file query-v3.pdb (PDB, C-alpha atoms)
ATOM      1  CA  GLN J1186     -57.138 -39.702 -84.246
ATOM      2  CA  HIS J1187     -56.836 -38.121 -87.710
ATOM      3  CA  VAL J1188     -54.225 -37.806 -90.464
ATOM      4  CA  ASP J1189     -52.694 -34.377 -91.124
ATOM      5  CA  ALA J1190     -53.147 -32.703 -94.522
ATOM      6  CA  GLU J1191     -49.339 -32.411 -94.766
ATOM      7  CA  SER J1192     -48.205 -35.869 -93.628
ATOM      8  CA  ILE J1193     -50.347 -37.181 -96.502
ATOM      9  CA  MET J1194     -48.240 -35.288 -99.091
ATOM     10  CA  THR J1195     -44.615 -35.454 -97.873
ATOM     11  CA  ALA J1196     -44.333 -38.928 -96.296
ATOM     12  CA  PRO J1197     -42.357 -42.030 -97.433
ATOM     13  CA  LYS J1198     -43.917 -44.035-100.290
ATOM     14  CA  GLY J1199     -43.896 -47.290 -98.292
ATOM     15  CA  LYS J1200     -45.932 -46.158 -95.257
ATOM     16  CA  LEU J1201     -49.466 -47.482 -94.700
ATOM     17  CA  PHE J1202     -51.533 -45.061 -92.579
ATOM     18  CA  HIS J1203     -55.201 -45.622 -91.712
ATOM     19  CA  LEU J1204     -57.995 -43.036 -91.886
ATOM     20  CA  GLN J1205     -61.378 -42.923 -90.101
ATOM     21  CA  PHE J1206     -64.816 -42.471 -91.689
ATOM     22  CA  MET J1207     -68.282 -41.609 -90.329
ATOM     23  CA  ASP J1208     -71.604 -43.446 -90.851
ATOM     24  CA  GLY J1209     -74.364 -41.056 -89.698
ATOM     25  CA  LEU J1210     -77.753 -42.735 -90.090
ATOM     26  CA  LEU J1211     -78.691 -43.206 -86.429
ATOM     27  CA  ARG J1212     -77.601 -39.631 -85.674
ATOM     28  CA  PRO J1213     -79.883 -37.748 -83.231
ATOM     29  CA  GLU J1214     -81.751 -34.977 -85.080
ATOM     30  CA  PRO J1215     -82.468 -31.375 -83.896
ATOM     31  CA  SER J1216     -85.455 -30.252 -81.789
ATOM     32  CA  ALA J1217     -88.647 -28.430 -82.850
ATOM     33  CA  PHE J1218     -88.261 -24.784 -81.764
ATOM     34  CA  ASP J1219     -84.599 -23.856 -81.203
ATOM     35  CA  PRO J1220     -82.020 -21.059 -81.708
ATOM     36  CA  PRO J1221     -79.695 -22.233 -84.543
ATOM     37  CA  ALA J1222     -76.004 -22.693 -83.674
ATOM     38  CA  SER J1223     -73.166 -21.528 -85.950
ATOM     39  CA  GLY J1224     -70.102 -23.179 -87.515
ATOM     40  CA  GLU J1225     -69.872 -25.738 -90.324
ATOM     41  CA  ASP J1226     -68.410 -29.220 -90.909
ATOM     42  CA  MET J1227     -65.707 -29.952 -93.482
ATOM     43  CA  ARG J1228     -64.220 -32.974 -95.268
ATOM     44  CA  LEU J1229     -60.895 -33.003 -97.126
ATOM     45  CA  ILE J1230     -59.970 -36.592 -98.093
ATOM     46  CA  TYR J1231     -62.504 -38.885 -99.808
ATOM     47  CA  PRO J1232     -61.962 -42.467-101.041
ATOM     48  CA  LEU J1233     -62.524 -43.636-104.634
ATOM     49  CA  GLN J1234     -62.982 -47.414-104.439
ATOM     50  CA  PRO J1235     -65.718 -47.649-103.019
ATOM     51  CA  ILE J1236     -64.958 -48.598 -99.383
ATOM     52  CA  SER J1237     -66.972 -50.959 -97.104
ATOM     53  CA  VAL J1238     -66.893 -54.469 -98.606
ATOM     54  CA  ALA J1239     -67.564 -56.225 -95.301
ATOM     55  CA  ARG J1240     -71.289 -55.426 -95.230
ATOM     56  CA  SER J1241     -73.901 -58.125 -94.460
ATOM     57  CA  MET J1242     -76.481 -55.654 -93.038
ATOM     58  CA  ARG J1243     -76.842 -52.203 -91.413
ATOM     59  CA  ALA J1244     -79.013 -50.206 -88.956
ATOM     60  CA  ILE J1245     -81.016 -52.760 -86.937
ATOM     61  CA  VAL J1246     -83.749 -50.342 -85.790
ATOM     62  CA  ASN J1247     -87.227 -49.643 -87.185
ATOM     63  CA  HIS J1248     -88.127 -46.097 -88.258
ATOM     64  CA  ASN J1249     -90.396 -43.620 -86.415
ATOM     65  CA  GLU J1250     -93.275 -43.803 -88.921
ATOM     66  CA  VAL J1251     -92.110 -45.207 -92.285
ATOM     67  CA  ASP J1252     -91.161 -48.830 -93.039
ATOM     68  CA  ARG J1253     -87.579 -49.134 -94.310
ATOM     69  CA  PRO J1254     -85.120 -46.623 -92.776
ATOM     70  CA  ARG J1255     -83.361 -45.399 -95.962
ATOM     71  CA  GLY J1256     -80.037 -47.170 -96.613
ATOM     72  CA  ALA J1257     -80.872 -50.393 -94.805
ATOM     73  CA  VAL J1258     -79.402 -53.717 -95.928
ATOM     74  CA  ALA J1259     -81.049 -57.116 -95.431
ATOM     75  CA  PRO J1260     -79.004 -60.338 -94.916
ATOM     76  CA  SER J1261     -77.824 -62.143 -98.068
ATOM     77  CA  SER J1262     -79.973 -65.089 -99.201
ATOM     78  CA  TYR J1263     -76.886 -67.335 -99.031
ATOM     79  CA  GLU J1264     -75.809 -66.729 -95.426
ATOM     80  CA  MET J1265     -78.936 -68.789 -94.663
ATOM     81  CA  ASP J1266     -78.722 -71.994 -96.739
ATOM     82  CA  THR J1267     -77.505 -75.390 -95.516
ATOM     83  CA  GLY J1268     -77.029 -77.723 -98.470
ATOM     84  CA  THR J1269     -76.387 -81.442 -97.977
ATOM     85  CA  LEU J1270     -72.956 -82.910 -98.741
ATOM     86  CA  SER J1271     -72.160 -85.138-101.728
ATOM     87  CA  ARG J1272     -70.383 -88.503-101.358
ATOM     88  CA  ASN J1273     -67.177 -87.477-103.175
ATOM     89  CA  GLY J1274     -67.424 -83.677-103.268
ATOM     90  CA  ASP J1275     -68.418 -82.103 -99.972
ATOM     91  CA  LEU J1276     -70.477 -78.895-100.329
ATOM     92  CA  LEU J1277     -73.337 -77.689-102.572
ATOM     93  CA  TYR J1278     -76.466 -75.487-102.490
ATOM     94  CA  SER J1279     -80.175 -76.297-102.982
ATOM     95  CA  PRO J1280     -81.945 -77.198-106.311
ATOM     96  CA  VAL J1281     -83.575 -73.735-106.861
ATOM     97  CA  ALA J1282     -85.924 -75.471-109.349
TER
ATOM     98  CA  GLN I1186    -101.208 -30.582 -56.311
ATOM     99  CA  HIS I1187    -104.515 -31.933 -57.664
ATOM    100  CA  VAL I1188    -108.148 -32.169 -56.548
ATOM    101  CA  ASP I1189    -109.561 -35.607 -55.699
ATOM    102  CA  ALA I1190    -112.481 -37.023 -57.706
ATOM    103  CA  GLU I1191    -114.390 -37.460 -54.417
ATOM    104  CA  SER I1192    -113.720 -34.140 -52.666
ATOM    105  CA  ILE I1193    -115.298 -32.544 -55.753
ATOM    106  CA  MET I1194    -118.628 -34.342 -55.124
ATOM    107  CA  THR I1195    -119.126 -34.416 -51.331
ATOM    108  CA  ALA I1196    -117.686 -31.074 -50.150
ATOM    109  CA  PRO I1197    -119.444 -27.989 -48.661
ATOM    110  CA  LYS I1198    -121.233 -25.727 -51.172
ATOM    111  CA  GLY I1199    -119.311 -22.621 -50.055
ATOM    112  CA  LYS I1200    -115.741 -23.871 -50.632
ATOM    113  CA  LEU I1201    -113.628 -22.438 -53.466
ATOM    114  CA  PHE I1202    -110.920 -24.908 -54.559
ATOM    115  CA  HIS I1203    -108.502 -24.251 -57.431
ATOM    116  CA  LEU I1204    -107.539 -26.696 -60.191
ATOM    117  CA  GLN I1205    -104.453 -26.787 -62.451
ATOM    118  CA  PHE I1206    -104.382 -26.982 -66.260
ATOM    119  CA  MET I1207    -101.673 -27.785 -68.833
ATOM    120  CA  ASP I1208    -100.599 -25.776 -71.914
ATOM    121  CA  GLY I1209     -98.451 -28.118 -74.049
ATOM    122  CA  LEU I1210     -97.239 -26.273 -77.144
ATOM    123  CA  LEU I1211     -93.523 -26.015 -76.352
ATOM    124  CA  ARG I1212     -93.478 -29.677 -75.291
ATOM    125  CA  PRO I1213     -90.364 -31.624 -76.399
ATOM    126  CA  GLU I1214     -91.318 -34.179 -79.073
ATOM    127  CA  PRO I1215     -90.095 -37.820 -79.445
ATOM    128  CA  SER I1216     -86.938 -38.955 -81.280
ATOM    129  CA  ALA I1217     -86.561 -40.561 -84.732
ATOM    130  CA  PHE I1218     -85.914 -44.287 -84.161
ATOM    131  CA  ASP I1219     -87.064 -45.408 -80.696
ATOM    132  CA  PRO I1220     -88.772 -48.271 -78.797
ATOM    133  CA  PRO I1221     -92.288 -47.006 -77.870
ATOM    134  CA  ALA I1222     -93.115 -46.765 -74.149
ATOM    135  CA  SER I1223     -96.456 -47.892 -72.679
ATOM    136  CA  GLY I1224     -99.138 -46.269 -70.501
ATOM    137  CA  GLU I1225    -101.648 -43.536 -71.348
ATOM    138  CA  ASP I1226    -102.668 -40.087 -70.053
ATOM    139  CA  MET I1227    -106.134 -39.297 -68.703
ATOM    140  CA  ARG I1228    -108.261 -36.226 -67.943
ATOM    141  CA  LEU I1229    -111.391 -36.213 -65.771
ATOM    142  CA  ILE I1230    -112.511 -32.609 -65.118
ATOM    143  CA  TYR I1231    -112.834 -30.096 -67.982
ATOM    144  CA  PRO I1232    -114.026 -26.464 -67.790
ATOM    145  CA  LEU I1233    -116.950 -25.028 -69.783
ATOM    146  CA  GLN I1234    -116.412 -21.257 -69.849
ATOM    147  CA  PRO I1235    -113.923 -21.002 -71.666
TER
ATOM    148  CA  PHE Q1088    -119.301 -70.865 -68.200
ATOM    149  CA  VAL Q1089    -118.086 -70.099 -71.729
ATOM    150  CA  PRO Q1090    -119.183 -66.551 -72.574
ATOM    151  CA  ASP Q1091    -120.091 -66.725 -76.268
ATOM    152  CA  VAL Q1092    -118.613 -64.123 -78.623
ATOM    153  CA  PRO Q1093    -121.009 -61.128 -79.029
ATOM    154  CA  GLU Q1094    -123.416 -60.738 -81.985
ATOM    155  CA  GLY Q1095    -121.304 -58.752 -84.475
ATOM    156  CA  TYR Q1096    -117.515 -59.095 -84.488
ATOM    157  CA  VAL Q1097    -114.636 -59.260 -86.977
ATOM    158  CA  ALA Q1098    -112.473 -62.332 -86.323
ATOM    159  CA  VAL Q1099    -108.836 -61.464 -87.037
ATOM    160  CA  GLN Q1100    -105.951 -63.939 -87.024
ATOM    161  CA  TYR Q1101    -103.098 -62.780 -84.783
ATOM    162  CA  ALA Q1102     -99.925 -62.032 -86.719
ATOM    163  CA  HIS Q1103     -96.422 -60.911 -85.755
ATOM    164  CA  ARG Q1104     -96.909 -58.084 -88.264
ATOM    165  CA  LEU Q1105    -100.282 -56.365 -87.672
ATOM    166  CA  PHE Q1106     -98.816 -54.629 -84.601
ATOM    167  CA  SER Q1107     -96.463 -51.859 -85.749
ATOM    168  CA  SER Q1108     -94.683 -48.991 -83.977
ATOM    169  CA  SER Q1109     -95.354 -45.484 -85.307
ATOM    170  CA  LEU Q1110     -95.511 -41.865 -84.131
ATOM    171  CA  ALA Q1111     -98.843 -40.358 -83.123
ATOM    172  CA  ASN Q1112     -99.327 -36.828 -81.743
ATOM    173  CA  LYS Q1113     -96.171 -36.042 -79.706
ATOM    174  CA  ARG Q1114     -94.848 -39.546 -78.871
ATOM    175  CA  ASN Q1115     -94.048 -43.097 -80.037
ATOM    176  CA  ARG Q1116     -96.859 -45.634 -79.619
ATOM    177  CA  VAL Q1117     -97.636 -49.274 -80.446
ATOM    178  CA  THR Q1118    -100.324 -49.267 -83.143
ATOM    179  CA  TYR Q1119    -102.840 -51.842 -84.375
ATOM    180  CA  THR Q1120    -103.526 -52.304 -88.096
ATOM    181  CA  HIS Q1121    -106.995 -53.499 -89.118
ATOM    182  CA  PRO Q1122    -106.566 -56.266 -91.749
ATOM    183  CA  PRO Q1123    -109.825 -55.768 -93.724
ATOM    184  CA  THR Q1124    -109.697 -51.934 -93.808
ATOM    185  CA  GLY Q1125    -106.004 -51.041 -93.241
ATOM    186  CA  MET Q1126    -106.083 -48.387 -90.517
ATOM    187  CA  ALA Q1127    -104.121 -46.909 -87.578
ATOM    188  CA  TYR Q1128    -105.638 -46.474 -84.070
ATOM    189  CA  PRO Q1129    -102.530 -45.421 -82.087
ATOM    190  CA  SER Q1130    -104.225 -45.714 -78.675
ATOM    191  CA  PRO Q1131    -106.048 -48.457 -76.691
ATOM    192  CA  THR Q1132    -109.564 -47.062 -77.288
ATOM    193  CA  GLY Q1133    -112.056 -47.609 -80.144
ATOM    194  CA  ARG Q1134    -110.419 -50.189 -82.420
ATOM    195  CA  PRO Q1135    -113.129 -51.247 -83.302
ATOM    196  CA  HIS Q1136    -113.651 -54.445 -81.275
TER
END
call {"tool": "encode", "arguments": {"input": "query-v3.pdb", "output": "structure tokens"}}
result
Amino acid sequence: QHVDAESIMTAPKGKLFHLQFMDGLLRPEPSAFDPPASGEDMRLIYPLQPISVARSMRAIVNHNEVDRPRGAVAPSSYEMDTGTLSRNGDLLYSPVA
Amino acid sequence: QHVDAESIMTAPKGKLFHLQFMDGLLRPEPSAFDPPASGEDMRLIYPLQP
Amino acid sequence: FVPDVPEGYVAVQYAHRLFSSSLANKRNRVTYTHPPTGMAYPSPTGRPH
């Protein structure tokens, strides 16, 4: 589904409508020798936040010949740290030094 | 079809058998990110003409 | 009968890293990487041993 470029200009102030965005990193690329097809892709409504706060990591595949496949995120160094509990207080990280 | 690597050593002198060769220039290439498949390709009888 | 390792060999420690996947010629292949010299060899042939 997709929002109309007219419902997003003359709709009630209260309404909360959701959009839909594309990733495109594991997109299949073109062939070697091929007759080029016509037509172009368009975009009309961009965010200005930026979006995508729930991240962690992305694209769990290794590249054809190079090491890191462009915009690839590795897990945070905190999602992997069990610290012991204090007697009174209950949760804390490791010494670090 | 393909000749056997034994019929090409113990056959009558007169016989004329045909082989079959590959071009491979318009061969479709692999993708970007992909798990590599195993096994290899072999060749046993080459010409010397050319 | 323990067959002793031949005269001249390079003893490499197996790692979960020295085997990488990369494109050679027209297809994807599992490739070795020589630790002392840092090389390719994208086919099970001369490595060297």
call {"tool": "residues_around", "arguments": {"input": "query-v3.pdb", "residues": "region 1197-1202 of chain I", "least_positions_apart": "6", "cutoff": "12 Å", "atoms": "only C-alpha atoms", "output": "list in words"}}
result
residues 1186, 1187, 1188 and 1189 of chain I
call {"tool": "closest_atom_pairs", "arguments": {"input": "query-v3.pdb", "of": "chain Q", "to": "chain J", "cutoff": "12 Å", "atoms": "all atoms listed in the file", "output": "JSON lines"}}
result
{"residue": "Q:1104", "atom": "CA", "partner": "J:1252", "partner_atom": "CA", "distance": 11.9}
{"residue": "Q:1107", "atom": "CA", "partner": "J:1250", "partner_atom": "CA", "distance": 9.2}
{"residue": "Q:1108", "atom": "CA", "partner": "J:1249", "partner_atom": "CA", "distance": 7.3}
{"residue": "Q:1109", "atom": "CA", "partner": "J:1250", "partner_atom": "CA", "distance": 4.5}
{"residue": "Q:1110", "atom": "CA", "partner": "J:1250", "partner_atom": "CA", "distance": 5.6}
{"residue": "Q:1111", "atom": "CA", "partner": "J:1250", "partner_atom": "CA", "distance": 8.7}
{"residue": "Q:1112", "atom": "CA", "partner": "J:1250", "partner_atom": "CA", "distance": 11.7}
{"residue": "Q:1113", "atom": "CA", "partner": "J:1217", "partner_atom": "CA", "distance": 11.2}
{"residue": "Q:1114", "atom": "CA", "partner": "J:1249", "partner_atom": "CA", "distance": 9.7}
{"residue": "Q:1115", "atom": "CA", "partner": "J:1249", "partner_atom": "CA", "distance": 7.4}
{"residue": "Q:1116", "atom": "CA", "partner": "J:1249", "partner_atom": "CA", "distance": 9.6}
{"residue": "Q:1117", "atom": "CA", "partner": "J:1249", "partner_atom": "CA", "distance": 11.0}
{"residue": "Q:1118", "atom": "CA", "partner": "J:1250", "partner_atom": "CA", "distance": 10.6}
{"residue": "Q:1127", "atom": "CA", "partner": "J:1250", "partner_atom": "CA", "distance": 11.4}
{"residue": "Q:1129", "atom": "CA", "partner": "J:1250", "partner_atom": "CA", "distance": 11.6}
call {"tool": "interface_residues", "arguments": {"input": "query-v3.pdb", "of": "chain J", "to": "chain I", "cutoff": "10 Å", "atoms": "only C-alpha atoms", "output": "ChimeraX atom specification"}}
result
/J:1211-1218,1246-1250,1254
call {"tool": "atom_distance", "arguments": {"input": "query-v3.pdb", "atom1": "CA of residue 1225 (chain I)", "atom2": "CA of residue 1098 (chain Q)"}}
result
26.4 Å
call {"tool": "atom_distance", "arguments": {"input": "query-v3.pdb", "atom1": "CA of residue 1226 (chain I)", "atom2": "CA of residue 1131 (chain Q)"}}
result
11.2 Å
call {"tool": "atom_distance", "arguments": {"input": "query-v3.pdb", "atom1": "CA of residue 1222 (chain I)", "atom2": "CA of residue 1119 (chain Q)"}}
result
15.0 Å
call {"tool": "closest_residue", "arguments": {"input": "query-v3.pdb", "among": "Q:1130, Q:1123, Q:1105, Q:1136", "to": "chain I", "atoms": "all atoms listed in the file"}}
result
Q:1130
call {"tool": "resolve_selection", "arguments": {"input": "query-v3.pdb", "expression": "the PyMOL selection byres ((chain J and resi 1257) around 8)", "output": "list in words"}}
result
residues 1242, 1243, 1244, 1253, 1254, 1255, 1256, 1258 and 1259 of chain J
call {"tool": "residues_around", "arguments": {"input": "query-v3.pdb", "residues": "residue 1101 (chain Q)", "least_positions_apart": "5", "cutoff": "12 Å", "atoms": "all atoms listed in the file", "output": "list in words"}}
result
residues 1106, 1119, 1120, 1121 and 1122 of chain Q
call {"tool": "residues_around", "arguments": {"input": "query-v3.pdb", "residues": "residue 1206 (chain J)", "least_positions_apart": "3", "cutoff": "12 Å", "atoms": "all atoms listed in the file", "output": "NGL selection string"}}
result
:J and (1186-1188 or 1203 or 1209 or 1228-1232 or 1236-1237)
call {"tool": "closest_residue", "arguments": {"input": "query-v3.pdb", "among": "I:1208, I:1223, I:1235, I:1194", "to": "chain Q", "atoms": "all atoms listed in the file"}}
result
I:1223
call {"tool": "closest_residue", "arguments": {"input": "query-v3.pdb", "among": "I:1190, I:1204, I:1210, I:1233", "to": "chain Q", "atoms": "all atoms listed in the file"}}
result
I:1210
call {"tool": "closest_residue", "arguments": {"input": "query-v3.pdb", "among": "Q:1132, Q:1093, Q:1126, Q:1100", "to": "chain I", "atoms": "all atoms listed in the file"}}
result
Q:1132
call {"tool": "decode", "arguments": {"input": "query-v3.pdb", "residues": "chain Q", "atoms": "C-alpha atoms", "output": "PDB file, in the first residue's frame"}}
result
ATOM      1  CA  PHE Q1088      52.409 -47.329  10.301  1.00  0.00           C
ATOM      2  CA  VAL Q1089      52.720 -43.570  10.841  1.00  0.00           C
ATOM      3  CA  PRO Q1090      53.715 -42.012   7.511  1.00  0.00           C
ATOM      4  CA  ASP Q1091      56.103 -39.210   8.485  1.00  0.00           C
ATOM      5  CA  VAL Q1092      55.503 -35.735   7.048  1.00  0.00           C
ATOM      6  CA  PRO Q1093      57.539 -35.221   3.813  1.00  0.00           C
ATOM      7  CA  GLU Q1094      60.913 -33.410   3.710  1.00  0.00           C
ATOM      8  CA  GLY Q1095      59.859 -29.799   3.032  1.00  0.00           C
ATOM      9  CA  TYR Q1096      56.480 -28.525   4.230  1.00  0.00           C
ATOM     10  CA  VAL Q1097      54.945 -25.380   5.735  1.00  0.00           C
ATOM     11  CA  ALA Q1098      53.022 -26.220   8.920  1.00  0.00           C
ATOM     12  CA  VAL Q1099      49.956 -23.975   9.146  1.00  0.00           C
ATOM     13  CA  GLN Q1100      47.592 -23.791  12.118  1.00  0.00           C
ATOM     14  CA  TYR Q1101      43.963 -24.286  11.076  1.00  0.00           C
ATOM     15  CA  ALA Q1102      41.840 -21.197  11.645  1.00  0.00           C
ATOM     16  CA  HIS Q1103      38.164 -20.365  11.141  1.00  0.00           C
ATOM     17  CA  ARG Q1104      39.378 -17.395   9.084  1.00  0.00           C
ATOM     18  CA  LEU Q1105      42.003 -18.542   6.539  1.00  0.00           C
ATOM     19  CA  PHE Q1106      39.219 -20.060   4.408  1.00  0.00           C
ATOM     20  CA  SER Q1107      37.305 -17.252   2.684  1.00  0.00           C
ATOM     21  CA  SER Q1108      34.672 -17.142  -0.070  1.00  0.00           C
ATOM     22  CA  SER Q1109      35.490 -15.023  -3.130  1.00  0.00           C
ATOM     23  CA  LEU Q1110      34.781 -14.845  -6.867  1.00  0.00           C
ATOM     24  CA  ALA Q1111      37.214 -16.409  -9.320  1.00  0.00           C
ATOM     25  CA  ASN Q1112      36.722 -16.557 -13.107  1.00  0.00           C
ATOM     26  CA  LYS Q1113      32.941 -16.895 -13.675  1.00  0.00           C
ATOM     27  CA  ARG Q1114      31.743 -18.347 -10.331  1.00  0.00           C
ATOM     28  CA  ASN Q1115      31.862 -18.276  -6.511  1.00  0.00           C
ATOM     29  CA  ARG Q1116      34.472 -20.541  -4.908  1.00  0.00           C
ATOM     30  CA  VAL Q1117      35.880 -21.368  -1.463  1.00  0.00           C
ATOM     31  CA  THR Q1118      39.437 -20.015  -1.345  1.00  0.00           C
ATOM     32  CA  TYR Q1119      42.479 -20.759   0.817  1.00  0.00           C
ATOM     33  CA  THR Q1120      44.707 -17.954   2.118  1.00  0.00           C
ATOM     34  CA  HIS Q1121      48.383 -18.749   2.714  1.00  0.00           C
ATOM     35  CA  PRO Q1122      49.375 -17.276   6.122  1.00  0.00           C
ATOM     36  CA  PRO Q1123      53.095 -16.585   5.451  1.00  0.00           C
ATOM     37  CA  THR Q1124      52.637 -15.139   1.927  1.00  0.00           C
ATOM     38  CA  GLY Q1125      48.979 -13.973   1.789  1.00  0.00           C
ATOM     39  CA  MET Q1126      47.644 -15.438  -1.457  1.00  0.00           C
ATOM     40  CA  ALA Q1127      44.493 -16.751  -3.196  1.00  0.00           C
ATOM     41  CA  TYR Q1128      44.345 -20.186  -4.921  1.00  0.00           C
ATOM     42  CA  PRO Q1129      40.604 -20.402  -5.733  1.00  0.00           C
ATOM     43  CA  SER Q1130      40.729 -24.071  -6.794  1.00  0.00           C
ATOM     44  CA  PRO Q1131      41.810 -27.400  -5.203  1.00  0.00           C
ATOM     45  CA  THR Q1132      45.095 -27.684  -7.151  1.00  0.00           C
ATOM     46  CA  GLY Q1133      48.597 -26.313  -6.426  1.00  0.00           C
ATOM     47  CA  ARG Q1134      48.331 -24.642  -3.013  1.00  0.00           C
ATOM     48  CA  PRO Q1135      51.250 -25.234  -2.408  1.00  0.00           C
ATOM     49  CA  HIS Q1136      51.185 -28.283  -0.104  1.00  0.00           C
TER      50      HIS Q1136
END
